[PDB]
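Summary of the model geometry
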Amino acid sequence: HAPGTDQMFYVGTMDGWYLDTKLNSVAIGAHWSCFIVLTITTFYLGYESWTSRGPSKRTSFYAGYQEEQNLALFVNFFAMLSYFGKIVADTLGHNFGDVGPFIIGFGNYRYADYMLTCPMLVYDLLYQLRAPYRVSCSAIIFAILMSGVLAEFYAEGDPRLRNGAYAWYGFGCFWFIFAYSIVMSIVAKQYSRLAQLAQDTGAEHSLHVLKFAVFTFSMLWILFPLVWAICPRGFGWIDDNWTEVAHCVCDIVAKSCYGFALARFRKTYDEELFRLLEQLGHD
Amino acid sequence: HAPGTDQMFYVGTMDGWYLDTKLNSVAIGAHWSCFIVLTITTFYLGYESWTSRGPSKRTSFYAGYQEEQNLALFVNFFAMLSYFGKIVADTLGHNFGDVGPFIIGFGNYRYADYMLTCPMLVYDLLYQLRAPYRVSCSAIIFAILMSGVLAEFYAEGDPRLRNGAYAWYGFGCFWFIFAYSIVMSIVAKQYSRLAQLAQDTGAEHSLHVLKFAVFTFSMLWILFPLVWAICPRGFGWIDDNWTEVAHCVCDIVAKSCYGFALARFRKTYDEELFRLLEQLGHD
Amino acid sequence: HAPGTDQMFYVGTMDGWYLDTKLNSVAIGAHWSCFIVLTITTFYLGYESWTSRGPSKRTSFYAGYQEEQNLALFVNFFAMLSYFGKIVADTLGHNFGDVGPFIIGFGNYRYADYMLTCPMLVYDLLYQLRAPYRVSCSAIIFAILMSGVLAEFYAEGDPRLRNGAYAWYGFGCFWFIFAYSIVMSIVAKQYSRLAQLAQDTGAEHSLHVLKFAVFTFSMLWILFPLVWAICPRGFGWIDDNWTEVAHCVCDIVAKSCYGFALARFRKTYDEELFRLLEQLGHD
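Heads up: these notes are all about the structure in this document.

Quick notes on the rules
Residues numbered from 1 in each chain as written, not as in the entry; some residues may be left out. Chains lettered and ligands numbered in written order. Heavy atoms only, no water. Contact = heavy atoms within 4.5 Å. Buried area = accessible area lost by both parts, 1.4 Å probe. Salt bridge = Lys/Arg side-chain N within 4 Å of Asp/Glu carboxyl O. Polar contact = N/O pair within 3.5 Å; in protein donor to acceptor, adjacent residues only side chain to side chain. Helix = DSSP H or I, 4+ residues; strand = E, 2+ residues; numbered from the N terminus. Least-squares fit on C-alpha atoms. Nonpolar A, V, L, I, M, F, W, Y, C, P; charged D, E, K, R; others polar.

Before going further, it helps to spend a moment on the interface of chain B and chain A. Taken together, the contact pairs 31 residues of chain B with 28 residues of chain A. Across the chain B to chain A interface the summed buried area is about 2800 Å²; carbon plus sulfur atoms make up 75%. Counting the surface chain B buries against chain A, the share from its top three residues, B:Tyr133, B:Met146 and B:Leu161, is 21%. If you look at where chain B meets chain A, you find one salt bridge. Notably, a salt bridge pairs B:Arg160 with A:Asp20, separated by 3.2 Å at the nearest N-O pair. Where chain B touches chain A, the interface holds seven residue pairs in polar contact. Looking at the side of chain B that touches chain A, the elements that each hand over two or more residues are α6 (134-156) and α7 (163-196) of chain B. Examining the composition of the side of chain B that touches chain A, we find that 10 residues originate from one element, α6(B), more than from any other.

As structure tokens, this is what we get:
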């Protein structure tokens, strides 16, 4: 297994797959609650998607053609799946943390669940303001998430290779800072152009609601490096058992609040601001 | 390997990769026949694709721009690859069932071969009638297939974890029933609108051929849960050796018959029904 | 591990992951140089992409909407990542050749790094001439690369299964010959139509530069089967230590020269040839 040491590493193997769970009761309860709320948000958003009329309220299957409107749905849907298998683990009492086979887009690994969620989510949110460079942000966050997965892989491995985890941490943090700066800049410029093009709208309160939602949604990603630093992978100011509840509340804020905000926006928007958004998505 | 038991599980490991095959002569012959017919259907469909003129029969490389017309080709092509490696296993006499490394889109695992085939196939068939919600059905079937792969992973594992296989079976069956119901509903509504918009067509017999093909193609997926139930993973009314021939005949019906039906449709369709399909794909 | 033999195979396992490196100083230096030049080319191309004006030189974020112009960027970007982890291995002195977990699009395996690079690269280059059958070439090269990965998997395995490596070699070479022939034919026909439609251009020297670039770029892929034949996987006229430098120079020619050629083309093209390319992309 390892040279010079009789200890063996169970990460990425079926041997660690059959090990008993290292979680406690509160982690299982948090997983259950997160799965329940993800499922009910997915059901509610799908119910709204089935009864989703167009802006003119006469087009029947508007979501059937403008399928990107349902895009967040899929992400939220996958989030439910991203936890459902863990619930199965919570049923069986066996180890599930970074063990077993590696499959893209599943919650069997800590950061690999975000492969199909995070780039689509950021693409959808910047598409809602018709911001340019749609593919670029998704590619950047995909690369950062892959770096995070590989850093977590080095974290559990041989302690002689512990130094690479900090290097990949620095890599991911540098690209995340760059991505956050560029997305904040483009969002600020785009919404400034929208505001200077927002004359005689009649939805100023709705405009305030949407600007508050998008600014909070842009600034929410400050959780990831703080959470990584406070867990034992970084400075270790918290223990492992309280990391799972943190990840649950963070990705609930990321997904369910996003779905609720989009649902509340779609029941209050009007058509002239819509056509001004299409006008904005030109230059 | 496993606590309390000296037995070891060879699934997902190189140890089970080097094991001798568990198949018999008839399974090898069925694999050979299925690979041969898949290869000849792929060759025939590619030959038709090279000599594929437009509806006006003057556009030379119509398939070169409307590349989605070749889409089924790719699926059928991958199906050939999906069996070709198994033929190599049939050459070497070593174990190939759910062993070795896991790679997306290959036939080394029982259900993982359908990753690149089934969503593209369903998208192509519902696109042929210009049905809405194109991405949604593909995402649903992708999630169901991933659930099936993971259920098959639990099936071979530790018998103390056998209960999760039935839970994932219920999950996959519930979402498959939902998908089948919604796709049947949308197909029925879409073709009802086509029929009430099909006046003075001149291709009523061709219309009967295409409706028979699409209805049979919509109802063919009843094979999957019945096949899973009759094999030892479910009720076990059949043995393992006769499961491979069942999967061969089922995916041949799924792919080669689809290609033959599309080829026969493209040599008999006319242009006014074509433009009425574009008219249908509006509301 | 293996029946009848006490030897064990370290491929695809964490046991071979923790093994010491089999590389020497020159391989590490070549990896460092290749990573450095890939990083600087990515930085330069990103700097050009940020300051990328439209053909009329008044559209500010032309790349923000015509995002496919940045497509090669992403490939080159991934190439940097495709080597960066190897640099980490070169830091740690542990084995990295075809060991550890298998992840799509990474350089941990010899041919798996090209999953996200080669089809996008060929799609971008044939899109630059507006050639038809865009998806088909990408699918063909994806299948060939997957076959190469699996052949390399058989190469390291049990010597009783060495015969399958030659079969997959023949498969990959046959499909590569077919792909090369068809891409050469379509490129020749397309550029012949461009030349017979190139009247009063004013950029004949620029036309010569671009034709030389595209012909060299079309003929560069002759490196892959020659490199595979000369390494010990084939005829073995060279040793393992000199294969890494060959792969470095080959993929540098594939990626950095492509980026430099595209950058030099974008600083010299004019608008009438541009609109003639859009006219060409019709029939």
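Read on, since the account is not over.
Screw-axis analysis of chain B against chain A gives a translation of 0.1 Å along the axis, an RMSD of 0.0 Å, and a rotation angle of 119 degrees. The superposition operator between the copies reduces to a three-fold rotation axis.

The next subject is the interface of chain C and chain B. With 31 residues of chain C at the contact, the number on the chain B side is 29 residues. Taken together, the two surfaces of chain C and chain B that pack against each other cover about 2900 Å², and 74% of this comes from carbon and sulfur. Looking at the side of chain C facing chain B, the largest losses of area belong to C:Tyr133, C:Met146 and C:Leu161, adding up to 21% of the total buried there. Counting across the interface, chain C meets chain B through one salt bridge. Linking chain C with chain B are six residue pairs in polar contact, by the criterion used here. Secondary structure elements with two or more residues in the side of chain C that touches chain B: α6 (134-156) and α7 (163-196) of chain C. Per element, the largest residue contribution to the side of chain C that touches chain B is 10 residues, and it comes from α6(C). Here the residues of the side of chain C that touches chain B sort into 20 nonpolar, six polar and five charged.

Before going further, it helps to spend a moment on the pattern of salt bridges. Counted according to the given criterion, the structure contains 15 salt bridges over all chains. Bridged by salt links that share partners, the residues A:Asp20, B:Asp158 and B:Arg160 form one connected network.

Worth remembering: the numbers are spatial, not functional.
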